[PDB]
Amino acid sequence: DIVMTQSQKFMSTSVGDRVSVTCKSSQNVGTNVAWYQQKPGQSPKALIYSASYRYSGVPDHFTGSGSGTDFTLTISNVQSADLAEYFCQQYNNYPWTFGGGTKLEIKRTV
Amino acid sequence: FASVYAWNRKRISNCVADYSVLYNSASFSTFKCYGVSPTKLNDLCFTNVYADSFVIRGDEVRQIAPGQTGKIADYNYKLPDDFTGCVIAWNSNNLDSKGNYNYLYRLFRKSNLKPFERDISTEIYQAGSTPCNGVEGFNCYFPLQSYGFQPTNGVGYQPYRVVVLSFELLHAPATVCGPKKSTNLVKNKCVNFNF
Amino acid sequence: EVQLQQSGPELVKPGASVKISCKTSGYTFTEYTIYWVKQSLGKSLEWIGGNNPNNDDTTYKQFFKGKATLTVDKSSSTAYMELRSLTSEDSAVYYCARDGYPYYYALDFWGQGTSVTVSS
Amino acid sequence: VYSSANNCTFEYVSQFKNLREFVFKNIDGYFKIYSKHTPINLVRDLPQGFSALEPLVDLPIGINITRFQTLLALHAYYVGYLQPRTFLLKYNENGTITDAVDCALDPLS
Ligand SMILES: *[C@@H]1O[C@H](CO)[C@@H](O[C@@H]2O[C@H](CO)[C@@H](O)[C@H](O)[C@H]2NC(C)=O)[C@H](O)[C@H]1NC(C)=O
Ligand SMILES: *[C@@H]1O[C@H](CO)[C@@H](O)[C@H](O)[C@H]1NC(C)=O
Ligand SMILES: *[C@@H]1O[C@H](CO)[C@@H](O)[C@H](O)[C@H]1NC(C)=O
């Protein structure tokens, strides 16, 4: 029916390692998604369109995925302004419903 | 007549008819004739005349003109700026009294229509981010609507028959010209003749 | 040239009716629809609904009954939401967004949001 | 033959063994067809005799017309050509043409 879990709720990368998050969706309804960045306190900022395109107003250095019922997004690296929430989108039927979101944490060491 | 979006097109050639009798009658409410003065129609000769006929509402007669705005002038019928044509329009209120609910007109389109474009097609117009499929709904509309031509309505709801005449001048042959009149004859007098 | 000014924080009472306004200015309002979503303090995003400025259409989600009401006006070029039955858990932030049909689908532009808190 | 009827810009409806003669010409978009029903017969199987040709119709077509072909009702037609010549014609007293002499054939001519 309508369910979105993307197999994870939060992921952690310490230093240098590339960050990638999937947006596994429900059964086949279509191919149209989006990804937004949610900074802690202000309005969400759109990250990717349909998981593979570019934004004019964003310094886009991103890697996406193909098509079908599964989606994936790869970001450049873990910069100093990456600590935020990750929201995926699904717009096929009128009752729009998104997933639980993904949280990126910078795993600091001792 | 035909619908406004499926406007009726007629091609007339190889005949001689008087164009003066049209504007002479007082039954023609609107006559806006940009190509040439009304009295010069019979004077000049043309070729392969084309007539486009349709029906519009009462208060849209100003929409039918070369190079202006209007919903009908954008999605139903548009005149190019370089158009040396002629336009007639007259009331037909008594011909649609109860009222008439068989008239359709385009309301939604991606862009403005091309000049003299006979765009006939049907599709569910979409205006939303989500794709449109299946049954109509939000951001899924029918671009054709009826007319409220009630028999108890004034100006703006009375049906108007609108015809537009266009032509090409002497491409190579000449078929349709204005009528010519001839007087009587005289004899046994030095006369200058034009036989 | 797109901007959106909303109202500040609000305190509501259970079993009452309140109003929240989303203001749009500086750009045309007739074509693109307006969407309403909620954030319950960092939880999952819920699509409250949407409305069409031109056709005056209204669309809700699967479960929205209780405060399902939409309203817009062109003289003020804004939208008004009515909230009812503020029982126990509606304290959250509302976000008003606008989409683009020619380009940038899926809520390109967002707003600052209005935070409503329920208390006795 | 009947395959299409697109862009019909013109349409016209009108009306010893005898031999019929025709001449087809096109000048500045005007099509001329001259006809002759039955000329003077001298002998069989060959075109002897003299007779002038009178015009039949005039059509404002406006085509270039490069090739042509004949049609037959299945279950001989001599074909000539025209060249820019000069002729001397002796009109009769009733207006008809009875004698013609070429100008570039023989020194006597
Ligand atoms: C020129 O035309 C006139 C008029 O038809 C011809 O005169 C007739 O000739 C026939 C015999 O040739 C006579 O039977 C008629 O009585 C004549 N009618 C008149 C009014 O004269 C004349 O023959 C023609 N000439 C030529 C050389 O063709
Ligand atoms: C007549 O010719 C025009 C091009 O000159 C073409 O667009 C049109 O389709 C033709 N008419 C028909 C009935 O095919
Ligand atoms: C013959 O063809 C040429 C094209 O090279 C055209 O310009 C001309 O008008 C044609 N002639 C007629 C009589 O249509």
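Since chain B takes its numbers from Swiss-Prot, the residues it shows come out as 347-444, 447-543.
According to its header, the structure was obtained by electron microscopy, 3.5 Å.
Each Cβ is built from the backbone N, Cα and C atoms, and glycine gets one as well.
What Swiss-Prot annotates here:
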type     : residues      : note
DISULFID : B:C379-B:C432 : disulfide bond
DISULFID : B:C391-B:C525 : disulfide bond
REGION   : B:448-456     : region 'Immunodominant HLA epitope recognized by the CD8+'
REGION   : B:455-490     : region 'Disordered'
DISULFID : B:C480-B:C488 : disulfide bond
REGION   : B:519-541     : region 'Disordered'
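Structure with Swiss-Prot features highlighted.
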{"residue": "B:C379", "record": "disulfide bond", "contacts (Cβ under 8 Å, 6+ apart)": "B:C432, B:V433, B:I434"}
{"residue": "B:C391", "record": "disulfide bond", "contacts (Cβ under 8 Å, 6+ apart)": "B:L518, B:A522, B:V524, B:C525, B:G526"}
{"residue": "B:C480", "record": "disulfide bond", "contacts (Cβ under 8 Å, 6+ apart)": "B:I472, B:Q474, B:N487, B:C488"}
| request: Measure the Cβ-based neighbour count of B:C488 (disulfide bond), defined as the other Cβ atoms within 10 Å of its Cβ. | output: 17
| message | Taking ligand 2 as the reference and 6 angstroms as the Cβ limit (strictly under), which disulfide-bonded residues among B:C379, B:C391, B:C480, B:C488, B:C525 are close? | response | none
| request: Drop a 10 Å sphere on every Cβ of the disulfide-bonded residues B:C432, B:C525 and tell me which sphere holds the fewest other Cβ atoms. | output: B:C525
| According to DSSP, does B:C432 (disulfide bond) fall in a helix, a strand, or coil? | strand
| message | Is it possible to list how many residues within the region 'Disordered' (B:455-490) are helical, extended or coil according to DSSP? | response | 0 helix, 4 strand, 32 coil
